[PDB]
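Q: Residue numbers (the deposited numbering), protein chains in the order written: chain A, 32 to 296; chain N, 50 to 98; chain J, 1 to 49.
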Amino acid sequence: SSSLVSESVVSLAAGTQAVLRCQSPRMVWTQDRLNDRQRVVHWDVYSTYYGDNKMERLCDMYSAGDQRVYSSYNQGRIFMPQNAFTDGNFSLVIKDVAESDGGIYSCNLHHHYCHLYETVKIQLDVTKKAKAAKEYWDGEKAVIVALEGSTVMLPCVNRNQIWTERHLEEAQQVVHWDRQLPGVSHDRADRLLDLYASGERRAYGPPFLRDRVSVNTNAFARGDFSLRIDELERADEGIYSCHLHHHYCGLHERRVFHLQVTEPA
Amino acid sequence: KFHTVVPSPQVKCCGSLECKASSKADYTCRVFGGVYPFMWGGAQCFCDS
Amino acid sequence: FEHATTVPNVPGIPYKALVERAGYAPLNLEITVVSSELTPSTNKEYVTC
Numbered sequence: 032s033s034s035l036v037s038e039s040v041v042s043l044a045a046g047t048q049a050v051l052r053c054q055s056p057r058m059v060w061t062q063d064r065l066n067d068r069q070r071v072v073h074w075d076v077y078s079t080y081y082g083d084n085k086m087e088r089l090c091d092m093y094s095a096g097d098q099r100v101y102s103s104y105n106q107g108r109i110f111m112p113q114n115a116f117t118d119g120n121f122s123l124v125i126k127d128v129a130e131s132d133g134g135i136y137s138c139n140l141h142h143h144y145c146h147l148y149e150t151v152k153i154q155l156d157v158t159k160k161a162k163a164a165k166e167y168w169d170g171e172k173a174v175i176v177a178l179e180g181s182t183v184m185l186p187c188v189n190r191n192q193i194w195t196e197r198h199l200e201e202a203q204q205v206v207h208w209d210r211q212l213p214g215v216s217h218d219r220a221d222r223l224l225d226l227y228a229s230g231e232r233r234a235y236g237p238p239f240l241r242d243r244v245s246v247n248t249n250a251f252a253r254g255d256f257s258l259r260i261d262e263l264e265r266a267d268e269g270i271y272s273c274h275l276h277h278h279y280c281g282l283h284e285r286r287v288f289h290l291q292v293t294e295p296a
Numbered sequence: 050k051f052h053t054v055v056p057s058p059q060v061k062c063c064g065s066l067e068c069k070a071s072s073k074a075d076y077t078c079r080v081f082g083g084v085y086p087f088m089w090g091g092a093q094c095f096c097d098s
Numbered sequence: 001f002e003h004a005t006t007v008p009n010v011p012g013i014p015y016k017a018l019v020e021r022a023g024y025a026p027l028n029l030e031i032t033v034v035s036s037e038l039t040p041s042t043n044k045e046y047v048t049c
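Encoded structure:
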């Protein structure tokens, strides 16, 4: 069972092809499972103070990878914790901040397999000495009026399971189309279809229903699980519920269509 | 053989502007005051320098 | 003004120097070798296992 994400109501006549369009781009799945769980945390600084100054990509780090400092000069100057992914801390350290280092830094984490990303901005204003060095909040970020000529630390720590390597059951995208018929309860609804990112497909009901009740052929290649119900019978009414699950990422989406069928007179 | 890119000049009417560096190869910049651009339609700005 | 020096090629050892010119006060000059990078040119011969 999947928690409520989208609920909808549909109405159609018997003998017509219904389309209960369930889709989730986050259910898109990569055929390559070679350490697909790669995480890249990188720091991007834009020096808005120096007019229109090209932003500098100071440092990259990859879970199961090195902390490559982009420019040879910044080596040593830019530092990120080596256990960053292990503990979730992705803060930066500038060993000796100077006027050249001033600007809005931005840490960005990217998860390839889930095709997910996050990021937060932190400003670094360089003041000559300690008489004007402090920290404050501008409204969307933390700003550090840093001590020129001394180490300054720009904080960001993402305390979430998505950015940690603890075992996650290596789950993959799965989908369950059920149909709570009139008088039936949800989560007991007779299963209509079952799909997995590996292409596993299961159909339910009489073969004619399976022919009429069918999900697209390349569901997970598109993140689509639209359910076609050809030549609707009035018994094909009820609450159709598509439960989309990806336990490795935490996806627990529910997409529901209350398809009530009608007949002529 | 190369080719010089000559992008349209950034004109500010009755205001002030400053140069900004870029990452393009051989990037060169320069500002000029007192400009008074004209076109087939006529003046594109209206203030005396 | 152009001014030359010989600096030891060792990281984390700042070198101090001046620049002498008549009519101007001396200006300090600090040189630091943050990090070296010796990269050679190579060609792949073959691969075994």
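Quick reminder that beta carbons are idealized off the backbone N, C-alpha and C, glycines included.
When the cut-off is 8 angstroms and only beta carbons count, does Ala-70(N) lie next to chain A?
A: yes
Q: Closer than 7 angstroms by C-beta to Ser-103(A): which residues in its own chain qualify, once you throw out the five before and the five after it? Chain order, please.
A: none
Q: Using a C-beta to C-beta distance shorter than 9 angstroms, which residues of chain J count as neighbours of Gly-107(A)?
A: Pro-11, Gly-12, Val-34, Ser-35
Q: With a threshold of 16 other CB atoms inside 10 Å of the CB of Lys-152(A), please say whether the residue is buried or exposed.
A: buried
Q: Under 7 angstroms Cβ-Cβ, which residues of chain J neighbour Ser-103(A)?
A: Near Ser-103(A) (Cβ distances below 7 angstroms), the residues of chain J are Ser-35, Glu-37.
Q: Excluding the 5 residues preceding and the 5 following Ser-34(A) in the sequence, name in chain order all residues of the same chain whose CB lies nearer than 8 angstroms to its CB.
A: The answer, listed in chain order, is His-283, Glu-284, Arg-285.
Q: On the DSSP letters alone, give me the boundaries of the alpha helix (DSSP H) that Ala-250(A) sits inside.
A: 250 to 253
Q: In this structure, what does DSSP give as the bridge partners for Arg-210(A)?
A: Under the DSSP definition of a beta bridge, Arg-210(A) partners with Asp-221(A), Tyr-271(A).
Q: Just to confirm my understanding: we take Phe-87(N), look at its own chain, exclude 5 residues before and 5 after, and list those with CB closer than 8 angstroms. What are they?
A: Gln-93
Q: Measure the CB-CB distance between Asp-75(A) and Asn-139(A) and report whether it falls below 8 angstroms.
A: The Cβ atoms of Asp-75(A) and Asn-139(A) lie closer than 8 angstroms to each other.
Q: Whose Cβ in chain N lies nearer than 7 angstroms to the Cβ of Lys-172(A)?
A: By Cβ distance, chain N contributes nothing, its closest Cβ being about 23 angstroms from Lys-172(A), past 7 angstroms.
Q: Does any residue of chain N have a CB that is nearer than 8 angstroms to the CB of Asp-83(A)?
A: yes
Q: Mind reading off the beta-carbon distance from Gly-269(A) to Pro-213(A)? Whole number of angstroms is fine, and I expect it under 8 angstroms.
A: Cβ-Cβ separation between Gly-269(A) and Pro-213(A): approximately 6 angstroms, consistent with a contact (criterion under 8 angstroms).
Q: Count the other CB atoms, across all protein chains shown, that sit within 10 Å of the CB of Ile-13(J); report buried if there are 16 or more and exposed otherwise.
A: exposed
Q: Between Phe-110(A) and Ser-94(A), is the Cβ-Cβ spacing less than 8 angstroms?
A: No, the Cβ-Cβ distance between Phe-110(A) and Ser-94(A) is not below 8 angstroms.
Q: Can you tell me where the beta strand (DSSP E) with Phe-288(A) in it begins and where it stops?
A: 282 to 293 is the span of the beta strand (DSSP E), which, as asked, contains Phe-288(A).
Q: Just to confirm my understanding: we take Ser-181(A), look at its own chain, exclude 5 residues before and 5 after, and list those with CB closer than 8 angstroms. What are they?
A: For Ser-181(A), where only same-chain residues beyond five positions count, the Cβ hits under 8 angstroms are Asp-127, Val-128.
Q: Can you name, in chain order, every residue of its own chain whose Cβ lies under 8 angstroms from the Cβ of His-3(J), other than the five neighbours on each side?
A: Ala-17, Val-19, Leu-29
Q: Helix or strand or just coil, what does DSSP make of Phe-116(A)?
A: helix
Q: Closest to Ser-272(A) by CA distance: which of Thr-248(A), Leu-240(A), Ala-220(A), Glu-149(A) is it?
A: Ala-220(A)
Q: Where does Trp-168(A) sit, in a helix, a strand or coil, going by DSSP?
A: Three-state DSSP puts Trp-168(A) in a strand.
Q: Per the contact definition of three or more C-beta pairs closer than 8 angstroms, is the segment 183 to 200 of chain A in contact with the segment 235 to 253 of chain A?
A: By the C-beta criterion, the segment 235 to 253 of chain A is judged not to be in contact with the segment 183 to 200 of chain A, since fewer than 3 inter-stretch pairs fall below 8 angstroms.
Q: Give every residue of the same chain whose Cβ lies closer than 6 angstroms to the Cβ of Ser-98(N), excluding the five residues on either side of it in the sequence, and list them in chain order.
A: If the five residues before and after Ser-98(N) are omitted, its C-beta is found closer than 6 angstroms to the C-beta atoms of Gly-83, all from its own chain and listed in chain order.
Q: Give the C-beta separation of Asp-225(A) and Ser-32(A) to the nearest angstrom, bearing in mind that I take them to be a contact with Cβ-Cβ under 8 angstroms.
A: The pair is not a contact, with the Cβ atoms about 14 angstroms apart (cut-off 8 angstroms).
Q: Under 8 angstroms by Cβ, that's how I've got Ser-257(A) and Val-246(A) pegged, so tell me the actual separation to the nearest angstrom.
A: 7 angstroms
Q: Do you know offhand how far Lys-165(A)'s Cα is from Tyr-77(A)'s?
A: 20 angstroms
Q: Do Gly-133(A) and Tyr-167(A) have their C-beta atoms closer together than 8 angstroms?
A: no
Q: Between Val-287(A), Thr-150(A), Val-292(A), which lies nearest to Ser-39(A) when the distance is taken from Cα to Cα?
A: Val-287(A)
Q: For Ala-44(A), write down the residues that DSSP places opposite it in a beta bridge.
A: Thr-293(A)
Q: How would you label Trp-89(N), buried or exposed, when you count the other beta carbons within 10 angstroms and need 16 or more for buried?
A: By the neighbour-count rule (16 or more Cβ atoms within 10 Å), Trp-89(N) is not buried but exposed.
Q: Grab the span of the alpha helix (DSSP H) containing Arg-243(A) for me, first residue to last.
A: 238 to 243
Q: Tell me the rounded alpha-carbon separation between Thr-47(A) and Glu-264(A).
A: Cα to Cα, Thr-47(A) sits roughly 8 angstroms from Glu-264(A).
Q: Does DSSP classify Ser-39(A) as helix, strand or coil?
A: strand
Q: On the criterion of 16 or more Cβ atoms from any shown chain inside 10 Å, does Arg-108(A) qualify as buried, or is it exposed?
A: buried
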